[PDB]
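Have a look below at one chain only, the form deposited in one PDB entry, in structure tokens format.
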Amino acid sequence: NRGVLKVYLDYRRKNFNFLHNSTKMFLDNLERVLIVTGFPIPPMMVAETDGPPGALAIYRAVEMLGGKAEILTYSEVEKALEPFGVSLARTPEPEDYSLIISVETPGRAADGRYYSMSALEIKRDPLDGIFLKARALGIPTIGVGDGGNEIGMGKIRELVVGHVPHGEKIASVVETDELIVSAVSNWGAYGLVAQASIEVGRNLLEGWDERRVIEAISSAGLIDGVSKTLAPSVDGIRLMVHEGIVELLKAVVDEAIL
């Protein structure tokens, strides 16, 4: 994925400490964190496999830190997250929250319409708006994305339009106070947890079973964004790599803590 890798370069370059600032924000607003995930995929419009895992990892982290969390997603994701007994948001309001994080959620475009990486208009109720309001209310917001059309990429629309195919049409306009860019959004999410762990002195990703979570949500019906099929994978990449990255993170964390 040349495009996003260039965007990361451009971004990290001038926003060198973005993951760190993001993690400070996280660690300072755990009272009541709202986690939004779920990215429908045209044409079937079924929620993708990338996103819910990160959302879960963060959720488990907020609790381990003595905070409360709720997830706001689509039907299918709720179904797939059930086995993990996650607290769902019932008719959420910006004001009710301490922090609102987004892991791979469609972000409104300059059109005012939603688009897939292939530029197919996403047609489903958006989970977009609460972030706009949260912005106006000055409520702490964190967005994690890996393609330029997600919630929070509004902060670097220029980079997106400048390197990502279909940029002008696809790039989201929605901004977030802090933004994590990654090759795969769940990874960025694991980065947040990883960085937070280091700052706190405990490995919050300790028992994360990447394979067990992806196979799980996959069985429930969450598809793979690229193959658009029911494969135990994420963004067209097999578990082997995803496991390799989660193992590395866990390692970097123990290296700092101990």
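For clarity, a rigid core is taken as the largest C-alpha set superposing within 1.5 Å between two forms. Position 1 is the first residue in the sequence shown; the rest follow in order. Shifts are known only where both forms have a C-alpha.
Just so it is clear, the following notes concern the form deposited in another entry, a form of the same protein that is not shown.
When the rigid core of both forms is overlaid, which of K228, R202, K68, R212 is the one whose C-alpha moves 2 angstroms or more between this form and the one not shown?
The residue that shifts is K228.
Can we say the CA of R238 moves by at least 2 Å between this form and the one not shown when the core is superposed?
Result for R238: no, shift under 2 Å.
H20: with the rigid core matched between this form and the one not shown, does its Cα shift 2 Å or more?
No, the C-alpha position differs by under 2 Å between this form and the one not shown.
Indicate closer or farther: the Cα atoms of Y11 and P126, in that other deposited form, relative to the displayed form, with a change of 3 Å or more.
More distant in that other deposited form, by 3 Å or more.
Give the residue ranges, in sequence order, where three or more consecutive C-alphas each shift by 2 Å or more between this form and the one not shown after rigid core alignment.
Residues 10-18, 228-231 form the shifted runs.
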